[PDB]
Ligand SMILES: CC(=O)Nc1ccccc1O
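Given next, in structure tokens, is a single chain: the form deposited without N-(2-hydroxyphenyl)acetamide (9KS).
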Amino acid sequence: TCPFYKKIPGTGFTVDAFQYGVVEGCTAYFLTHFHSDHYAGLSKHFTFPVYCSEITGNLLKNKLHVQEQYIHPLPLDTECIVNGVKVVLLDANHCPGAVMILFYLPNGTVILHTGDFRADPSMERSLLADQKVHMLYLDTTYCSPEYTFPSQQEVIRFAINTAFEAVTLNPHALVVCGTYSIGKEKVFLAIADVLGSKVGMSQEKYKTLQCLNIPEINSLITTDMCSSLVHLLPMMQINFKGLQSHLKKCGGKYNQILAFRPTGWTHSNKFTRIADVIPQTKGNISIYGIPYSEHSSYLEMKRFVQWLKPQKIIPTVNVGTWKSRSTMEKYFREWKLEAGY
């Protein structure tokens, strides 16, 4: 059965609620982004209205075969009317096509559902600036002060400089980047751009990228692995055995692999700066875990919430344990006392 924090009071709406069958009283299902914990349940057999971004709708149609007549894409930053209720989709700074959703309830209440997001000061100048928000359904993935990580721009500088140095020292080195979902495309696109290469990948992954409206994509990606010196592999294969096996398949073109695993947070964050990050090495294979996050750090989350000043916060992540829930509630009260709302 559908949990309460996926239901929007005073409407017929649910958010990211496709794995519970026919939800009682739901007239329109919203989908914030194309990540499997959120789309779980969707297919060609779905016959209710799904509301989403244009990019998410391309992925529903091509990857899951949802029929066109049930996909309702909405433009961003535009007031739209859905089953008699005004809504707005805003950029979530998560993966491609990911949105936050503002609902303007008929009784005067305003609700913001962040979906999954990486808070940023740029959000303080969207359509949020223009009215009060009463309730916030908040992505609390990293809601504890131990979660620090660098900006995306610092992480990409490290990756580009690392790859460019390695391949300039050894033109026979292959670079490999792990992936298992959409998101984090800058990692592999920035490395390919510095090296003067396209990114090579499976036909299934190429299909997924072609759904994303990324400009000049036919220029940056390919299925011809033999012409590429940056390869994308499933995340599961980014280990010494998987990589040794891949290097065999390349037929003596290469004699070294430099591989990247973009994780979210790892506890090497609490002791080490990005500049100081080192790989795991075995023989002619090196693996770098890089802290490229598409979720708010603690400080970024705190800043957003203290700017927005909601009357009530409903967490959507880490809600399954009493210890997690109690910890989160204590930070919310701190933020409110420090800021004065």
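Residue numbers here begin at 1 and follow the sequence given.
Below, we turn to the form solved in complex with N-(2-hydroxyphenyl)acetamide (9KS), even though it does not appear here.
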{"query": "Triple contact flag 51, 78 and 87 to N-(2-hydroxyphenyl)acetamide (9KS) in the deposited complex, non-hydrogen atom at 4.5 angstroms", "finding": "no"}
{"query": "Partner contact for residue 309 in the deposited complex: N-(2-hydroxyphenyl)acetamide (9KS), 4.5 angstroms, heavy atom", "finding": "yes"}
{"query": "Distance check, residue 66 to N-(2-hydroxyphenyl)acetamide (9KS) in the deposited complex, heavy atom within 4.5 Å", "finding": "no"}
{"query": "Any non-hydrogen atom of residue 305 within 4.5 angstroms of N-(2-hydroxyphenyl)acetamide (9KS) in the deposited complex", "finding": "yes"}
{"query": "is_contact(residue 313, N-(2-hydroxyphenyl)acetamide (9KS)) in the deposited complex, heavy atom dist at most 4.5 Å", "finding": "yes"}
